[PDB]
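Quick note: residue numbers are just sequence positions, from 1. When a ligand or atom number is given, it counts from 1 through the structure's own listing order.
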Amino acid sequence: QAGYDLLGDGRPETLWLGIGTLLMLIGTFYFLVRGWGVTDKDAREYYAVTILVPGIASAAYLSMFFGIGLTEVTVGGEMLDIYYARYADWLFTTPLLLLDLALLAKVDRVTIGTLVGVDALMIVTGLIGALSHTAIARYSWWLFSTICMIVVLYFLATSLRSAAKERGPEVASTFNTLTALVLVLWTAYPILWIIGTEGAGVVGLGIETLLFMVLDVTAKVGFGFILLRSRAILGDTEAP
Ligand SMILES: *C/C=C(C)/C=C/C=C(C)/C=C/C1=C(C)CCCC1(C)C
Ligand SMILES: CCCCCCCCCCCCCCCC
Ligand SMILES: CCCCCCCCCCCCCCCC
Ligand SMILES: CCCCCCCCC
Ligand SMILES: CCCCCCCCC
Ligand SMILES: CCCCCCCCC
Ligand SMILES: CCCCCCCCC
Ligand SMILES: [Ca+2]
Ligand SMILES: [Cl-]
Ligand SMILES: [Cl-]
Ligand SMILES: [Cl-]
Ligand code: NA
């Protein structure tokens, strides 16, 4: 695969996992240090949620770097690598990101339950797809997971956006900037999966790991940077 076998264990993709580790740790430490001077009760909740997003990803990237949680899946005459930590990362961090958006929009706990329940189903079915042993199952679960993603994004774009609007310009501008980011970045994930090693196999694991790493850093550290610099996080929140 495209990269460089840093640890001398036959995995050129560790180059990208190492860089990803470093960027996630630096982002975590930046937000943490910026958080220590924050007193407002709402801002503290946003910081707490948001620090954990690159924080948990840091742990997942480090695990992947060292080869912890790596195994192979047999698909006919081919053995696909799967890093379990990647899915565990997304299972925890995607609800956290949605929770940030739901706090901005100030929506009810039933709406949040729906959003995060569909998000969890998306990640689980993606994992089932990655572990499946025939191409028909892989594409099927991928499609299922993708329809779940559209439902999440549809809710962000319609119901949560409408709610944020009622909260005035500071909140609605921040909500709309972040939602613009999410709609684009999150859609990139199923596209990479299907053209990469898990699907059609056009790109190999090296390029795939690199691109997931860029997406992950943008979706976590980039998102965090946009949110935490906004005056909107000082406004009232109601936790679920
Ligand atoms: C911290 C990283 C973020 C924001 C991760 C997002 C991940 C996804 C939107 C993943 C989506 C997938 C599908 C919709 C289908 C194939 C399986 C996944 C999990 C790659
Ligand atoms: C012989 C060693 C080869 C090393 C190749 C280094 C190329 C530069 C890597 C930069 C990766 C993109 C970072 C993306 C930032 C989010
Ligand atoms: C205003 C000072 C900025 C310092 C931020 C430090 C964080 C370093 C992590 C780099 C990751 C870049 C992600 C951005 C992608 C759009
Ligand atoms: C042989 C050592 C190569 C190390 C690659 C680091 C790339 C810079 C981020
Ligand atoms: C003080 C909080 C550190 C950042 C969260 C790390 C999470 C460990 C898995
Ligand atoms: C949660 C990060 C994992 C660190 C374990 C390192 C062990 C080296 C083989
Ligand atoms: C596939 C993304 C769902 C959003 C559709 C509505 C467009 C509003 C920006
Ligand atoms: Ca406040
Ligand atoms: Cl403050
Ligand atoms: Cl306060
Ligand atoms: Cl490759
Ligand atoms: Na290596």
Engineer: If you measure from each non-hydrogen atom of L192 to ligand 1, which part falls under 4.0 Å: side chain, backbone, both or neither?
Structural biologist: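 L192 to ligand 1: no contact under 4.0 Å from either part.
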Engineer: Considering the heavy atoms of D216, write down every atom of ligand 1 situated less than 4.0 Å from one of them.
Structural biologist: 2 (C)
Engineer: Where the closest heavy atom to atom 19 (C) of ligand 1 is concerned, which of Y189, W142, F144, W90 has it?
Structural biologist: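 Among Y189, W142, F144, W90, the closest heavy atom to atom 19 (C) of ligand 1 belongs to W90.
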Engineer: With no hydrogens and no angle check, just 3.5 Å: does a side-chain donor-acceptor pair link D89 and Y61?
Structural biologist: no
Engineer: Does one side chain, of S173 or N176, offer a donor that lies under 3.5 Å from an acceptor on the other?
Structural biologist: no
Engineer: To the nearest 0.5 Å, what is the distance between CD1 (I207) and OG1 (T197)?
Structural biologist: 11.5 Å
Engineer: Would you say that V182 contacts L156 through its side chain, given a criterion of any heavy-atom pair below 4.5 Å between the two side chains?
Structural biologist: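 The answer is yes; the side chains approach within 4.5 Å.
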Engineer: For ligand 1, does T94 get within less than 4.0 Å through its side chain, its backbone, both, or neither, judged by non-hydrogen atoms?
Structural biologist: side chain
Engineer: Which residue and non-hydrogen atom of the protein lie closest to atom 13 (C) of ligand 1, and at what distance in Å?
Structural biologist: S145 OG, 3.4 Å
Engineer: What protein heavy atom sits nearest atom 1 (C) of ligand 7, and how far off is it?
Structural biologist: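 Here the closest protein heavy atom is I150 CG2, 4.4 Å.
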Engineer: Do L127 and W141 make a side-chain contact, defined as non-hydrogen atoms from C-beta onward lying under 4.5 Å apart?
Structural biologist: no
Engineer: Identify the protein heavy atom lying closest to atom 4 (C) of ligand 1, giving its residue, its atom name and the separation to 0.1 Å.
Structural biologist: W186 NE1, 3.4 Å
Engineer: What's the shortest distance from atom 9 (C) of ligand 7 to any protein heavy atom, and which residue and atom give it?
Structural biologist: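 Looking only at protein heavy atoms, the one closest to atom 9 (C) of ligand 7 is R161 NH2, 4.0 Å.
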Engineer: Check each atom of ligand 1 against the heavy atoms of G126 and keep those under 4.0 Å away; list them by number with element.
Structural biologist: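 Checking each atom against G126, I get 17 (C).
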Engineer: Report the distance from atom CE of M64 to atom OG1 of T14, rounding to the nearest 0.5 Å.
Structural biologist: 12.0 Å
Engineer: With a 4.5 Å cut-off on side-chain heavy atoms, are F65 and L7 touching?
Structural biologist: yes
Engineer: Name the orientation class of the two ring planes belonging to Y189 and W90 (parallel below 30°, tilted from 30 to 60°, perpendicular beyond 60°).
Structural biologist: perpendicular
Engineer: Distance under 4.0 Å to a non-hydrogen atom of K220: what atoms of ligand 1 satisfy this?
Structural biologist: 1 (C), 2 (C), 3 (C)
Engineer: What protein heavy atom lies closest to atom 6 (C) of ligand 7? Include the residue and the distance to one decimal.
Structural biologist: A157 CB, 4.5 Å
Engineer: I need the atoms of ligand 1 closer than 4.0 Å to a non-hydrogen atom of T93, numbered in the order shown.
Structural biologist: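 Here the atoms of ligand 1 in question are 1 (C).
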